[PDB]
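Just one chain is shown here, as structure tokens, and it is the form deposited in one PDB entry.
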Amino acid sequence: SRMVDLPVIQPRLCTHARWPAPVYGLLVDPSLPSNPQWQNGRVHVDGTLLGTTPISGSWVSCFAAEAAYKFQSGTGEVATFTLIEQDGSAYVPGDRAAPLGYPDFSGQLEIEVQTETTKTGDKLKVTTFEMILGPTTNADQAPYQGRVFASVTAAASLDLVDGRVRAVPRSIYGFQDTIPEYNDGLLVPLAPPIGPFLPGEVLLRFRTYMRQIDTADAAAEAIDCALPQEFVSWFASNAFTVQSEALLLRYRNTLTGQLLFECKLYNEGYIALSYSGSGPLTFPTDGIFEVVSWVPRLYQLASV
């Protein structure tokens, strides 16, 4: 290939890799879990996709399924989702946790799907369901097996026709950044924890905020990813030749050429800064990442 390069895009103009929304923040925070096991936004510099990582940002935190609906006095309308891949291809249990882009976090999701009724003078509308993700549930969710359950409170049957859906996320309630219930409490094939890092290195976080149900606290719900979706599709798209363990990048003010920080993009798809401190440090989101050179795994960065 040509030498590894990066798409010339400011982080604030990019797409988040774990929740379908803009990238809003750029930071390090050594008080957060150091080596998260995120399954979306996971790619090697050579283009190899890891976990449930999709190419299209539109697949992120979504699923597609053949839906079967029934009404149950006491629960209301229950949906059985037989999962398919979001391009409409058959999903087969394999070397990953779930269909590509399946949510890789926990809590209770409101989802939206196209619904069809055989009620009079109604036919097509969009219906919101509750979908329990994890970390554990009483619903026996098994997206690894191709089956998940959703429900909405209903006084009567909604008289829904069985058919194809694509579930898109409306809100999160009780968000926790731990992998969901992929296989009803059993293990599944996962992308390894992000890392390793040199002593003194910390993960660079691309941050967005998730539409939220919260009765008391107006604080926006943060979610981080290792790389914006544009970088994921770039590596996927290019299949670069990789030499060393790491690439040294400089993050720069385009308009002044000020160096904000240097960082290491490890081949395994995550960025490290040398940061000695305890609490969060945020960075401007209007800089550009420039590839300087290949460097050893053991290369010590200039601290930020």
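Counting begins at 1, following the sequence as shown. Here, rigid core means the biggest group of C-alpha atoms that superpose within 1.5 Å across both forms.
One more form of this protein should be noted, the form deposited in another entry, which is absent from this view; the next part is about it.
Residue shifts between the shown form and the other one, rigid core superposed: of 82, 117, 151, 108, the only C-alpha displaced by 2 Å or more belongs to 117.
Taking the rigid core as fixed, one finds a CA shift for residue 214 of 2 Å or more between the shown form and the other one. In this overlay on the rigid core, residue 136 has a C-alpha that sits 2 Å or more away from its partner position between the shown form and the other one. Panel note: the distance between the CA atoms of residue 119 and residue 150 is larger in that other deposited form than in this form, the difference being 3 Å or more. The pair residue 217 and residue 152 is tighter in that other deposited form: their Cα-Cα distance falls by no less than 3 Å compared with this form.
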